[PDB]
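File shown: input-v7.cif (mmCIF, C-alpha atoms).
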```cif
data_final
#
loop_
_atom_site.group_PDB
_atom_site.id
_atom_site.type_symbol
_atom_site.label_atom_id
_atom_site.label_comp_id
_atom_site.auth_asym_id
_atom_site.auth_seq_id
_atom_site.Cartn_x
_atom_site.Cartn_y
_atom_site.Cartn_z
ATOM 1 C CA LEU Q 245 0.000 0.000 0.000
ATOM 2 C CA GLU Q 246 2.702 2.503 0.955
ATOM 3 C CA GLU Q 247 4.909 1.972 -2.120
ATOM 4 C CA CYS Q 248 2.840 1.857 -5.312
ATOM 5 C CA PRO Q 249 4.213 3.472 -8.501
ATOM 6 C CA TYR Q 250 0.750 4.639 -9.622
ATOM 7 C CA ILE Q 251 -0.123 7.467 -7.227
ATOM 8 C CA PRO Q 252 -3.345 9.357 -8.117
ATOM 9 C CA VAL Q 253 -2.811 12.898 -6.865
ATOM 10 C CA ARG Q 254 -5.777 15.235 -6.465
ATOM 11 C CA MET Q 255 -6.306 18.683 -4.976
ATOM 12 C CA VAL Q 256 -9.447 19.876 -3.197
ATOM 13 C CA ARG Q 257 -10.583 16.383 -2.226
ATOM 14 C CA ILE Q 258 -14.191 15.764 -1.189
ATOM 15 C CA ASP Q 259 -15.012 12.663 0.834
ATOM 16 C CA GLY Q 260 -17.115 10.054 -0.929
ATOM 17 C CA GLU Q 261 -15.720 11.042 -4.343
ATOM 18 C CA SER Q 262 -13.246 9.101 -6.481
ATOM 19 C CA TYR Q 263 -11.691 12.256 -7.975
ATOM 20 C CA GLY Q 264 -10.643 15.705 -6.863
ATOM 21 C CA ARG Q 265 -12.014 19.092 -7.849
ATOM 22 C CA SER Q 266 -9.887 21.690 -9.593
ATOM 23 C CA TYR Q 267 -8.946 24.983 -7.971
ATOM 24 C CA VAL Q 268 -10.428 27.013 -10.843
ATOM 25 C CA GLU Q 269 -13.924 25.646 -10.131
ATOM 26 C CA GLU Q 270 -14.036 27.734 -6.947
ATOM 27 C CA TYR Q 271 -13.685 30.845 -9.151
ATOM 28 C CA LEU Q 272 -15.089 29.758 -12.524
ATOM 29 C CA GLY Q 273 -18.220 31.849 -12.004
ATOM 30 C CA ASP Q 274 -16.206 35.055 -11.723
ATOM 31 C CA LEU Q 275 -14.199 34.032 -14.789
ATOM 32 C CA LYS Q 276 -17.415 33.575 -16.778
ATOM 33 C CA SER Q 277 -18.780 36.920 -15.588
ATOM 34 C CA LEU Q 278 -15.527 38.711 -16.430
ATOM 35 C CA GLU Q 279 -15.395 36.966 -19.817
ATOM 36 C CA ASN Q 280 -18.747 38.442 -20.860
ATOM 37 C CA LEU Q 281 -17.965 41.960 -19.633
ATOM 38 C CA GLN Q 282 -14.554 41.993 -21.319
ATOM 39 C CA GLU Q 283 -16.055 40.699 -24.565
ATOM 40 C CA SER Q 284 -18.688 43.441 -24.724
ATOM 41 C CA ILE Q 285 -16.140 46.169 -23.958
ATOM 42 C CA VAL Q 286 -13.995 45.071 -26.902
ATOM 43 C CA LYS Q 287 -17.130 44.859 -29.059
ATOM 44 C CA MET Q 288 -17.937 48.517 -28.348
ATOM 45 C CA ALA Q 289 -14.452 49.628 -29.408
ATOM 46 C CA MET Q 290 -14.814 47.893 -32.776
ATOM 47 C CA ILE Q 291 -18.077 49.775 -33.330
ATOM 48 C CA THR Q 292 -16.131 52.909 -32.410
ATOM 49 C CA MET Z 1 -66.726 37.049 -34.855
ATOM 50 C CA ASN Z 2 -68.381 35.603 -31.743
ATOM 51 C CA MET Z 3 -69.006 31.862 -31.948
ATOM 52 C CA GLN Z 4 -70.683 31.829 -28.529
ATOM 53 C CA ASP Z 5 -73.421 34.233 -29.661
ATOM 54 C CA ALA Z 6 -73.631 36.035 -32.997
ATOM 55 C CA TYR Z 7 -75.491 38.900 -31.296
ATOM 56 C CA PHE Z 8 -72.351 40.148 -29.556
ATOM 57 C CA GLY Z 9 -70.570 40.600 -32.883
ATOM 58 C CA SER Z 10 -73.271 42.981 -34.132
ATOM 59 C CA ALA Z 11 -74.264 44.700 -30.883
ATOM 60 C CA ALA Z 12 -70.665 45.725 -30.194
ATOM 61 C CA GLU Z 13 -70.168 47.049 -33.721
ATOM 62 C CA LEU Z 14 -73.466 48.937 -33.490
ATOM 63 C CA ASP Z 15 -72.234 50.755 -30.379
ATOM 64 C CA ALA Z 16 -68.975 51.693 -32.108
ATOM 65 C CA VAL Z 17 -70.846 53.374 -34.961
ATOM 66 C CA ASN Z 18 -73.399 54.721 -32.487
ATOM 67 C CA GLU Z 19 -70.526 56.287 -30.526
ATOM 68 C CA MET Z 20 -68.837 58.018 -33.465
ATOM 69 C CA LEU Z 21 -72.198 59.579 -34.325
ATOM 70 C CA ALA Z 22 -72.332 61.160 -30.864
ATOM 71 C CA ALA Z 23 -68.881 62.670 -31.462
ATOM 72 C CA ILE Z 24 -70.538 65.270 -33.717
ATOM 73 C CA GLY Z 25 -73.720 65.524 -31.646
ATOM 74 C CA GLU Z 26 -76.100 63.111 -33.370
ATOM 75 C CA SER Z 27 -79.010 61.193 -31.902
ATOM 76 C CA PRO Z 28 -78.329 57.454 -31.544
ATOM 77 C CA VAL Z 29 -79.562 54.989 -34.144
ATOM 78 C CA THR Z 30 -81.294 51.712 -33.291
ATOM 79 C CA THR Z 31 -80.812 49.401 -36.296
ATOM 80 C CA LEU Z 32 -77.646 49.642 -38.371
ATOM 81 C CA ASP Z 33 -78.906 47.633 -41.354
ATOM 82 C CA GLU Z 34 -82.230 49.483 -41.645
ATOM 83 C CA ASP Z 35 -80.652 52.971 -41.355
ATOM 84 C CA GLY Z 36 -78.616 53.551 -44.493
ATOM 85 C CA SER Z 37 -78.183 57.329 -44.792
ATOM 86 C CA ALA Z 38 -74.907 58.919 -45.903
ATOM 87 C CA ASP Z 39 -73.564 59.501 -42.369
ATOM 88 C CA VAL Z 40 -73.749 56.036 -40.815
ATOM 89 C CA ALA Z 41 -72.265 54.601 -44.015
ATOM 90 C CA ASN Z 42 -69.347 57.029 -43.790
ATOM 91 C CA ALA Z 43 -68.924 56.122 -40.118
ATOM 92 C CA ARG Z 44 -68.563 52.392 -40.791
ATOM 93 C CA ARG Z 45 -66.022 52.992 -43.561
ATOM 94 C CA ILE Z 46 -63.755 54.994 -41.247
ATOM 95 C CA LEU Z 47 -64.174 52.475 -38.423
ATOM 96 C CA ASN Z 48 -63.094 49.634 -40.715
ATOM 97 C CA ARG Z 49 -59.999 51.519 -41.887
ATOM 98 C CA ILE Z 50 -58.981 52.612 -38.385
ATOM 99 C CA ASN Z 51 -59.500 49.081 -37.056
ATOM 100 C CA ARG Z 52 -56.853 47.485 -39.267
ATOM 101 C CA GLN Z 53 -54.554 50.512 -39.014
ATOM 102 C CA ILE Z 54 -54.160 50.077 -35.253
ATOM 103 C CA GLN Z 55 -53.967 46.284 -35.525
ATOM 104 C CA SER Z 56 -51.230 46.425 -38.174
ATOM 105 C CA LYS Z 57 -48.952 48.364 -35.810
ATOM 106 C CA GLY Z 58 -48.080 45.147 -33.984
ATOM 107 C CA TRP Z 59 -48.946 44.380 -30.366
ATOM 108 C CA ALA Z 60 -48.099 41.620 -27.913
ATOM 109 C CA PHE Z 61 -51.494 39.943 -28.376
ATOM 110 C CA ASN Z 62 -52.048 40.110 -32.154
ATOM 111 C CA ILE Z 63 -48.522 39.008 -33.153
ATOM 112 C CA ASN Z 64 -48.033 35.271 -33.706
ATOM 113 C CA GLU Z 65 -44.327 34.461 -33.988
ATOM 114 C CA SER Z 66 -45.014 30.761 -34.680
ATOM 115 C CA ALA Z 67 -47.673 31.149 -37.381
ATOM 116 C CA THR Z 68 -47.447 28.638 -40.226
ATOM 117 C CA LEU Z 69 -48.686 28.876 -43.816
ATOM 118 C CA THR Z 70 -49.470 25.626 -45.612
ATOM 119 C CA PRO Z 71 -48.372 25.902 -49.281
ATOM 120 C CA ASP Z 72 -51.105 23.870 -50.999
ATOM 121 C CA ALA Z 73 -50.641 20.164 -51.767
ATOM 122 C CA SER Z 74 -50.036 19.711 -55.501
ATOM 123 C CA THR Z 75 -48.647 23.176 -56.194
ATOM 124 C CA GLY Z 76 -46.592 25.109 -53.667
ATOM 125 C CA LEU Z 77 -48.336 28.471 -53.796
ATOM 126 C CA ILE Z 78 -49.438 30.348 -50.672
ATOM 127 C CA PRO Z 79 -52.216 32.865 -51.462
ATOM 128 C CA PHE Z 80 -51.532 36.299 -49.970
ATOM 129 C CA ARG Z 81 -54.959 36.946 -48.510
ATOM 130 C CA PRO Z 82 -55.744 40.572 -47.570
ATOM 131 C CA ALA Z 83 -56.224 39.452 -43.957
ATOM 132 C CA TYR Z 84 -52.419 39.294 -43.607
ATOM 133 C CA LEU Z 85 -51.714 42.783 -42.285
ATOM 134 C CA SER Z 86 -47.956 42.199 -42.013
ATOM 135 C CA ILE Z 87 -45.888 39.083 -42.697
ATOM 136 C CA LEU Z 88 -42.440 39.650 -41.186
ATOM 137 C CA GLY Z 89 -39.724 37.488 -39.701
ATOM 138 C CA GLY Z 90 -38.384 36.501 -43.119
ATOM 139 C CA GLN Z 91 -38.178 37.808 -46.688
ATOM 140 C CA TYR Z 92 -41.746 37.379 -47.968
ATOM 141 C CA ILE Z 93 -42.880 40.269 -50.147
ATOM 142 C CA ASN Z 94 -46.158 39.319 -51.919
ATOM 143 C CA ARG Z 95 -44.699 39.087 -55.420
ATOM 144 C CA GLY Z 96 -47.760 38.488 -57.587
ATOM 145 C CA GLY Z 97 -50.576 37.974 -55.124
ATOM 146 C CA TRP Z 98 -48.696 34.956 -53.732
ATOM 147 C CA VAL Z 99 -46.056 34.691 -51.009
ATOM 148 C CA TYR Z 100 -42.571 35.285 -52.416
ATOM 149 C CA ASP Z 101 -39.259 34.550 -50.712
ATOM 150 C CA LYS Z 102 -36.845 37.274 -51.924
ATOM 151 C CA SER Z 103 -33.831 35.517 -50.393
ATOM 152 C CA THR Z 104 -34.581 32.500 -52.588
ATOM 153 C CA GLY Z 105 -36.090 33.520 -55.908
ATOM 154 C CA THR Z 106 -38.947 31.029 -55.637
ATOM 155 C CA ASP Z 107 -42.731 31.107 -55.313
ATOM 156 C CA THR Z 108 -43.479 27.419 -54.688
ATOM 157 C CA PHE Z 109 -42.873 25.948 -51.236
ATOM 158 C CA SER Z 110 -42.424 22.260 -50.475
ATOM 159 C CA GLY Z 111 -43.875 22.356 -46.965
ATOM 160 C CA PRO Z 112 -45.368 24.638 -44.321
ATOM 161 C CA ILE Z 113 -43.244 27.641 -43.365
ATOM 162 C CA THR Z 114 -43.207 29.325 -39.963
ATOM 163 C CA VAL Z 115 -43.316 33.121 -39.882
ATOM 164 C CA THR Z 116 -44.399 35.942 -37.583
ATOM 165 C CA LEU Z 117 -47.868 36.888 -38.811
ATOM 166 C CA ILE Z 118 -50.399 39.592 -37.974
ATOM 167 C CA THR Z 119 -53.905 38.604 -39.060
ATOM 168 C CA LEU Z 120 -56.754 41.086 -39.408
ATOM 169 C CA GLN Z 121 -58.976 40.396 -36.407
ATOM 170 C CA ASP Z 122 -62.545 41.570 -35.870
ATOM 171 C CA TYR Z 123 -63.255 44.733 -33.899
ATOM 172 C CA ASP Z 124 -65.555 43.071 -31.371
ATOM 173 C CA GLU Z 125 -62.813 40.624 -30.301
ATOM 174 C CA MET Z 126 -60.182 43.203 -29.331
ATOM 175 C CA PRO Z 127 -59.107 44.109 -25.793
ATOM 176 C CA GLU Z 128 -61.438 46.662 -24.255
ATOM 177 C CA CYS Z 129 -58.653 49.247 -24.047
ATOM 178 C CA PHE Z 130 -57.947 48.814 -27.761
ATOM 179 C CA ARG Z 131 -61.666 48.913 -28.554
ATOM 180 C CA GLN Z 132 -61.902 52.315 -26.861
ATOM 181 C CA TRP Z 133 -58.862 53.610 -28.756
ATOM 182 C CA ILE Z 134 -60.220 52.406 -32.108
ATOM 183 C CA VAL Z 135 -63.568 54.136 -31.579
ATOM 184 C CA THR Z 136 -62.092 57.348 -30.173
ATOM 185 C CA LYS Z 137 -59.536 57.624 -32.977
ATOM 186 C CA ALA Z 138 -62.164 56.835 -35.620
ATOM 187 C CA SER Z 139 -64.624 59.389 -34.244
ATOM 188 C CA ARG Z 140 -61.868 62.010 -34.230
ATOM 189 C CA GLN Z 141 -61.080 61.179 -37.857
ATOM 190 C CA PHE Z 142 -64.807 61.111 -38.643
ATOM 191 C CA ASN Z 143 -65.181 64.641 -37.247
ATOM 192 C CA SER Z 144 -62.415 66.262 -39.286
ATOM 193 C CA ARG Z 145 -63.366 64.651 -42.593
ATOM 194 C CA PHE Z 146 -67.065 65.564 -42.543
ATOM 195 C CA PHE Z 147 -68.053 67.887 -39.689
ATOM 196 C CA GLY Z 148 -64.686 69.581 -39.201
ATOM 197 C CA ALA Z 149 -65.455 71.572 -36.066
ATOM 198 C CA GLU Z 150 -62.821 73.260 -33.897
ATOM 199 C CA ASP Z 151 -63.650 72.722 -30.219
ATOM 200 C CA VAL Z 152 -64.869 69.194 -30.971
ATOM 201 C CA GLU Z 153 -61.520 68.248 -32.513
ATOM 202 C CA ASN Z 154 -59.591 69.782 -29.610
ATOM 203 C CA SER Z 155 -61.559 67.684 -27.117
ATOM 204 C CA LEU Z 156 -61.278 64.522 -29.220
ATOM 205 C CA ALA Z 157 -57.505 64.927 -29.582
ATOM 206 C CA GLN Z 158 -57.141 64.795 -25.799
ATOM 207 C CA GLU Z 159 -59.390 61.733 -25.582
ATOM 208 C CA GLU Z 160 -57.406 59.855 -28.234
ATOM 209 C CA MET Z 161 -54.141 60.607 -26.433
ATOM 210 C CA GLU Z 162 -55.670 59.514 -23.127
ATOM 211 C CA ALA Z 163 -57.030 56.333 -24.714
ATOM 212 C CA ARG Z 164 -53.717 55.531 -26.416
ATOM 213 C CA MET Z 165 -51.904 55.591 -23.069
ATOM 214 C CA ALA Z 166 -54.327 53.004 -21.676
ATOM 215 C CA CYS Z 167 -53.457 50.634 -24.522
ATOM 216 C CA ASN Z 168 -49.741 51.260 -23.989
ATOM 217 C CA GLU Z 169 -50.017 50.325 -20.307
ATOM 218 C CA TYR Z 170 -52.005 47.194 -21.172
ATOM 219 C CA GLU Z 171 -49.437 46.251 -23.819
ATOM 220 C CA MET Z 172 -46.790 46.456 -21.097
ATOM 221 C CA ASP Z 173 -48.926 44.642 -18.521
ATOM 222 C CA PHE Z 174 -49.755 41.903 -21.034
ATOM 223 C CA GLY Z 175 -46.138 41.211 -21.961
ATOM 224 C CA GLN Z 176 -44.436 42.177 -18.669
ATOM 225 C CA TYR Z 177 -41.143 42.644 -20.476
ATOM 226 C CA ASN Z 178 -37.876 42.203 -18.579
ATOM 227 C CA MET Z 179 -34.407 43.589 -19.266
ATOM 228 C CA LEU Z 180 -32.675 40.984 -17.068
ATOM 229 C CA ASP Z 181 -34.528 37.663 -17.339
ATOM 230 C CA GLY Z 182 -36.774 38.382 -20.324
ATOM 231 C CA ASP Z 183 -34.022 39.917 -22.413
ATOM 232 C CA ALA Z 184 -32.816 37.680 -25.236
ATOM 233 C CA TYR Z 185 -29.133 38.535 -24.717
ATOM 234 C CA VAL Z 186 -28.631 39.539 -21.075
ATOM 235 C CA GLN Z 187 -29.985 36.139 -19.977
ATOM 236 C CA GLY Z 188 -26.806 34.542 -21.295
ATOM 237 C CA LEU Z 189 -24.629 37.115 -19.549
ATOM 238 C CA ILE Z 190 -26.447 36.628 -16.237
ATOM 239 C CA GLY Z 191 -25.551 32.926 -16.354
ATOM 240 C CA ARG Z 192 -22.897 32.059 -13.792
ATOM 241 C CA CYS M 129 -48.485 50.141 -43.465
ATOM 242 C CA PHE M 130 -47.079 51.396 -46.771
ATOM 243 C CA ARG M 131 -50.544 51.430 -48.338
ATOM 244 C CA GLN M 132 -51.857 53.643 -45.536
ATOM 245 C CA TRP M 133 -48.961 56.068 -46.006
ATOM 246 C CA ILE M 134 -49.571 56.200 -49.763
ATOM 247 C CA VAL M 135 -53.268 57.003 -49.348
ATOM 248 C CA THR M 136 -52.799 59.490 -46.509
ATOM 249 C CA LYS M 137 -50.004 61.342 -48.305
ATOM 250 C CA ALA M 138 -51.950 61.374 -51.579
ATOM 251 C CA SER M 139 -55.155 62.604 -49.931
ATOM 252 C CA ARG M 140 -53.186 65.344 -48.176
ATOM 253 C CA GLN M 141 -51.745 66.387 -51.533
ATOM 254 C CA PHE M 142 -55.135 66.018 -53.239
ATOM 255 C CA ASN M 143 -56.528 68.518 -50.729
ATOM 256 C CA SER M 144 -53.889 71.167 -51.410
ATOM 257 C CA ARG M 145 -53.969 70.914 -55.207
ATOM 258 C CA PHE M 146 -57.761 70.918 -55.543
ATOM 259 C CA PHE M 147 -59.795 71.537 -52.385
ATOM 260 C CA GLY M 148 -57.303 73.439 -50.237
ATOM 261 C CA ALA M 149 -59.029 73.693 -46.875
ATOM 262 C CA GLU M 150 -57.172 74.843 -43.756
ATOM 263 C CA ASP M 151 -58.361 72.594 -40.924
ATOM 264 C CA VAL M 152 -58.284 69.599 -43.273
ATOM 265 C CA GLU M 153 -54.652 70.244 -44.217
ATOM 266 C CA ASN M 154 -53.595 70.578 -40.574
ATOM 267 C CA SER M 155 -55.332 67.323 -39.643
ATOM 268 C CA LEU M 156 -53.881 65.431 -42.610
ATOM 269 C CA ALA M 157 -50.378 66.742 -41.877
ATOM 270 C CA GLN M 158 -50.424 64.934 -38.531
ATOM 271 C CA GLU M 159 -51.937 61.815 -40.107
ATOM 272 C CA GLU M 160 -49.231 61.616 -42.778
ATOM 273 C CA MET M 161 -46.488 61.972 -40.163
ATOM 274 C CA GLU M 162 -47.965 59.176 -38.046
ATOM 275 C CA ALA M 163 -48.246 56.892 -41.077
ATOM 276 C CA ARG M 164 -44.623 57.575 -42.027
ATOM 277 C CA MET M 165 -43.439 56.417 -38.598
ATOM 278 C CA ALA M 166 -45.387 53.165 -38.961
ATOM 279 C CA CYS M 167 -43.614 52.476 -42.255
ATOM 280 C CA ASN M 168 -40.250 53.281 -40.676
ATOM 281 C CA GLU M 169 -40.761 50.754 -37.875
ATOM 282 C CA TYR M 170 -41.793 48.147 -40.444
ATOM 283 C CA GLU M 171 -38.598 48.918 -42.368
ATOM 284 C CA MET M 172 -36.486 48.119 -39.308
ATOM 285 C CA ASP M 173 -38.599 45.115 -38.317
ATOM 286 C CA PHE M 174 -38.284 43.690 -41.832
ATOM 287 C CA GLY M 175 -34.552 44.291 -42.195
ATOM 288 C CA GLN M 176 -33.369 43.631 -38.623
ATOM 289 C CA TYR M 177 -30.222 45.663 -39.155
ATOM 290 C CA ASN M 178 -27.369 45.171 -36.694
ATOM 291 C CA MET M 179 -24.306 47.313 -36.020
ATOM 292 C CA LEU M 180 -22.176 44.382 -34.792
ATOM 293 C CA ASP M 181 -23.078 41.192 -36.676
ATOM 294 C CA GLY M 182 -24.964 42.595 -39.665
ATOM 295 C CA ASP M 183 -22.484 45.388 -40.279
ATOM 296 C CA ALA M 184 -20.230 44.863 -43.287
ATOM 297 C CA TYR M 185 -17.025 46.126 -41.648
ATOM 298 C CA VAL M 186 -17.391 45.638 -37.885
ATOM 299 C CA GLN M 187 -18.229 41.953 -38.420
ATOM 300 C CA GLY M 188 -14.702 41.441 -39.724
ATOM 301 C CA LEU M 189 -13.264 43.178 -36.669
ATOM 302 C CA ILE M 190 -15.202 40.896 -34.310
ATOM 303 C CA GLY M 191 -13.169 37.895 -35.478
ATOM 304 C CA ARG M 192 -10.616 36.784 -32.903
#
```

Before we go any further, please render this structure as structure tokens.
Amino acid sequence: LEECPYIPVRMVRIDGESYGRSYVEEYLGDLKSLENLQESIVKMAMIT
Amino acid sequence: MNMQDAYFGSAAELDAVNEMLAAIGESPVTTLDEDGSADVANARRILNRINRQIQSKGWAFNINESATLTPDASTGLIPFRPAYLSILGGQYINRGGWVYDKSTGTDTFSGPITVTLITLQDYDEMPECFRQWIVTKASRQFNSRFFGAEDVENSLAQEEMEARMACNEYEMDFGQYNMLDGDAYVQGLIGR
Amino acid sequence: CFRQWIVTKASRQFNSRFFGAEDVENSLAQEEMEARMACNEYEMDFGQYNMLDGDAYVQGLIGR
């Protein structure tokens, strides 16, 4: 058990789950919101 | 048209004509068919024109965005009946009395086509706010064309403006439009 | 909508050329203006013009 070459490493581990959750998921919502605002700002400049 | 009772389709239209007569100070009539004259007949003609003019503007209740037109069975021609006040949502232009396509230079259609349609609907089956606006606008137009008074037109202009606002509020109440969750583009941006 | 504008504009002209009343011309002047707006809205509703995706030059700039 202690020495196995195949070591599955995960970050943000939740009990009862076979896999970990990424760190970006905790802030994906802000990334989506910023994506839309930044897109529209660039769109306005092209109209300009 | 009133399928429940044909009386309501004629009683309501009698009152509309009987109300435009009072706009110029005329005694009410009792039977529309048995009272020909040259003043009732003029009144009905203006009421008919005003009715489809207001309907053709496009409102939340008389616009059907999912209306379909079946293009015959053997041929593919859709007759452009005069009941179609405005056929928009595409490129159909009424080429030769039939429905054209503009984008595709064709007149025959293989199957039914969906399009946003406004169909001429009877006066008696309009919302009450729109019924008041149609009569008030028609009576104002019926004054200027034939009577052409001065203080009568000033009073009727205020009434038409007041009646138009009531329809505008109902149009908003009917649709209850939203700029956050009813908006076709912000809804995607709100998603998080 | 275009038919109503044609009739209203023609009747307003037909007054001035031949009958030439005063209160009739004032009333028809407002009617012609109102009918012209209705045709203008139908022009935009039919065309659905866009300044970002329907525009001939900005659409190229949108590409990324």

Exercise for review: Excluding segment 270-274 of chain Q and any residue of its chain fewer than 5 positions from it, enumerate the residues within 12 Å of it, using only C-alpha atoms, and give them as a PyMOL selection string.
Suggested key: (chain Q and resi 256+265+279-282) or (chain Z and resi 189-192)

Exercise for review: Up to 12 Å from chain Q, what residues of chain M turn up? Count only C-alpha atoms and give them as a PyMOL selection string.
Suggested key: chain M and resi 178-192

Hits of the PyMOL selection byres ((chain M) within 12 of (chain Z)) in this structure, as a PDB file with C-alpha atoms, in the frame of the given file:
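What landed in selection.pdb:
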```pdb
ATOM      1  CA  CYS M 129     -48.485  50.141 -43.465  1.00  0.00           C
ATOM      2  CA  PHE M 130     -47.079  51.396 -46.771  1.00  0.00           C
ATOM      3  CA  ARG M 131     -50.544  51.430 -48.338  1.00  0.00           C
ATOM      4  CA  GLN M 132     -51.857  53.643 -45.536  1.00  0.00           C
ATOM      5  CA  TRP M 133     -48.961  56.068 -46.006  1.00  0.00           C
ATOM      6  CA  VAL M 135     -53.268  57.003 -49.348  1.00  0.00           C
ATOM      7  CA  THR M 136     -52.799  59.490 -46.509  1.00  0.00           C
ATOM      8  CA  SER M 139     -55.155  62.604 -49.931  1.00  0.00           C
ATOM      9  CA  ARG M 140     -53.186  65.344 -48.176  1.00  0.00           C
ATOM     10  CA  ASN M 143     -56.528  68.518 -50.729  1.00  0.00           C
ATOM     11  CA  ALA M 149     -59.029  73.693 -46.875  1.00  0.00           C
ATOM     12  CA  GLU M 150     -57.172  74.843 -43.756  1.00  0.00           C
ATOM     13  CA  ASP M 151     -58.361  72.594 -40.924  1.00  0.00           C
ATOM     14  CA  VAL M 152     -58.284  69.599 -43.273  1.00  0.00           C
ATOM     15  CA  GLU M 153     -54.652  70.244 -44.217  1.00  0.00           C
ATOM     16  CA  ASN M 154     -53.595  70.578 -40.574  1.00  0.00           C
ATOM     17  CA  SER M 155     -55.332  67.323 -39.643  1.00  0.00           C
ATOM     18  CA  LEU M 156     -53.881  65.431 -42.610  1.00  0.00           C
ATOM     19  CA  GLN M 158     -50.424  64.934 -38.531  1.00  0.00           C
ATOM     20  CA  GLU M 159     -51.937  61.815 -40.107  1.00  0.00           C
ATOM     21  CA  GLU M 162     -47.965  59.176 -38.046  1.00  0.00           C
ATOM     22  CA  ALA M 163     -48.246  56.892 -41.077  1.00  0.00           C
ATOM     23  CA  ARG M 164     -44.623  57.575 -42.027  1.00  0.00           C
ATOM     24  CA  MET M 165     -43.439  56.417 -38.598  1.00  0.00           C
ATOM     25  CA  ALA M 166     -45.387  53.165 -38.961  1.00  0.00           C
ATOM     26  CA  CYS M 167     -43.614  52.476 -42.255  1.00  0.00           C
ATOM     27  CA  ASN M 168     -40.250  53.281 -40.676  1.00  0.00           C
ATOM     28  CA  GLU M 169     -40.761  50.754 -37.875  1.00  0.00           C
ATOM     29  CA  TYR M 170     -41.793  48.147 -40.444  1.00  0.00           C
ATOM     30  CA  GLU M 171     -38.598  48.918 -42.368  1.00  0.00           C
ATOM     31  CA  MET M 172     -36.486  48.119 -39.308  1.00  0.00           C
ATOM     32  CA  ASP M 173     -38.599  45.115 -38.317  1.00  0.00           C
ATOM     33  CA  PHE M 174     -38.284  43.690 -41.832  1.00  0.00           C
ATOM     34  CA  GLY M 175     -34.552  44.291 -42.195  1.00  0.00           C
ATOM     35  CA  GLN M 176     -33.369  43.631 -38.623  1.00  0.00           C
TER      36      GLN M 176
END
```

For the PyMOL selection byres ((chain Z and resi 5-13) around 10), applied here, can you spell out every residue it catches as an mmCIF file with C-alpha atoms, in the frame of the given file?
```cif
data_model
loop_
_atom_site.group_PDB
_atom_site.id
_atom_site.type_symbol
_atom_site.label_atom_id
_atom_site.label_comp_id
_atom_site.auth_asym_id
_atom_site.auth_seq_id
_atom_site.Cartn_x
_atom_site.Cartn_y
_atom_site.Cartn_z
ATOM 1 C CA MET Z 1 -66.726 37.049 -34.855
ATOM 2 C CA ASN Z 2 -68.381 35.603 -31.743
ATOM 3 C CA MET Z 3 -69.006 31.862 -31.948
ATOM 4 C CA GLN Z 4 -70.683 31.829 -28.529
ATOM 5 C CA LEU Z 14 -73.466 48.937 -33.490
ATOM 6 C CA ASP Z 15 -72.234 50.755 -30.379
ATOM 7 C CA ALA Z 16 -68.975 51.693 -32.108
ATOM 8 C CA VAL Z 17 -70.846 53.374 -34.961
ATOM 9 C CA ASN Z 18 -73.399 54.721 -32.487
ATOM 10 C CA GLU Z 19 -70.526 56.287 -30.526
ATOM 11 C CA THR Z 31 -80.812 49.401 -36.296
ATOM 12 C CA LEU Z 32 -77.646 49.642 -38.371
ATOM 13 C CA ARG Z 44 -68.563 52.392 -40.791
ATOM 14 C CA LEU Z 47 -64.174 52.475 -38.423
ATOM 15 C CA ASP Z 122 -62.545 41.570 -35.870
ATOM 16 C CA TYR Z 123 -63.255 44.733 -33.899
ATOM 17 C CA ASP Z 124 -65.555 43.071 -31.371
ATOM 18 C CA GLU Z 125 -62.813 40.624 -30.301
ATOM 19 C CA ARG Z 131 -61.666 48.913 -28.554
ATOM 20 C CA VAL Z 135 -63.568 54.136 -31.579
#
```

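A straight line drawn from atom CA of residue 26 of chain Z to atom CA of residue 55 of chain Z is 27.9 Å long.
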
Practice item. Could you state which residues are captured by the PyMOL selection byres ((chain Q and resi 253) around 9) in this file, as a VMD selection string? Key: chain Q and resid 251 to 252 254 to 255 263 to 264

Write the residues of the preceding selection, restricted to C-alpha atoms, as an mmCIF file, keeping the file's coordinate frame.
```
data_model
loop_
_atom_site.group_PDB
_atom_site.id
_atom_site.type_symbol
_atom_site.label_atom_id
_atom_site.label_comp_id
_atom_site.auth_asym_id
_atom_site.auth_seq_id
_atom_site.Cartn_x
_atom_site.Cartn_y
_atom_site.Cartn_z
ATOM 1 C CA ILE Q 251 -0.123 7.467 -7.227
ATOM 2 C CA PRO Q 252 -3.345 9.357 -8.117
ATOM 3 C CA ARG Q 254 -5.777 15.235 -6.465
ATOM 4 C CA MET Q 255 -6.306 18.683 -4.976
ATOM 5 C CA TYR Q 263 -11.691 12.256 -7.975
ATOM 6 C CA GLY Q 264 -10.643 15.705 -6.863
#
```

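Between chain Q and the candidates Z:50, Z:186, Z:77, Z:157, the tightest atom-to-atom separation, counting all atoms listed in the file, involves Z:186.
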
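Ranking Z:30, Z:188, Z:100, Z:173 by their shortest atom-to-atom distance to chain Q, with only C-alpha atoms included, puts Z:188 first.
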
Check your understanding: When you draw a straight line from atom CA of residue 137 of chain Z to atom CA of residue 156 of chain Z, how long is it in Å?
Key -> 8.0 Å

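Across the model, the gap from atom CA of residue 45 of chain Z to atom CA of residue 151 of chain Z is 23.9 Å.
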
Study note, to complete from the structure: Shortest contact to chain Z, candidates Q:284, Q:258, Q:269, Q:277, atoms counted all atoms listed in the file, goes to Q:277

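Across Z:182, Z:111, Z:175, Z:127, the tightest approach to residue 74 of chain Z is made by Z:111 when counting all atoms listed in the file.
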
First collect every listed atom of segment 144-160 of chain Z; then fit an axis-aligned box around them, widen it by 8 Å on each side, and give centre and edge lengths in Å to one decimal, as JSON.
```
{"center_x": -62.6, "center_y": 66.6, "center_z": -34.1, "size_x": 26.9, "size_y": 29.4, "size_z": 33.0}
```
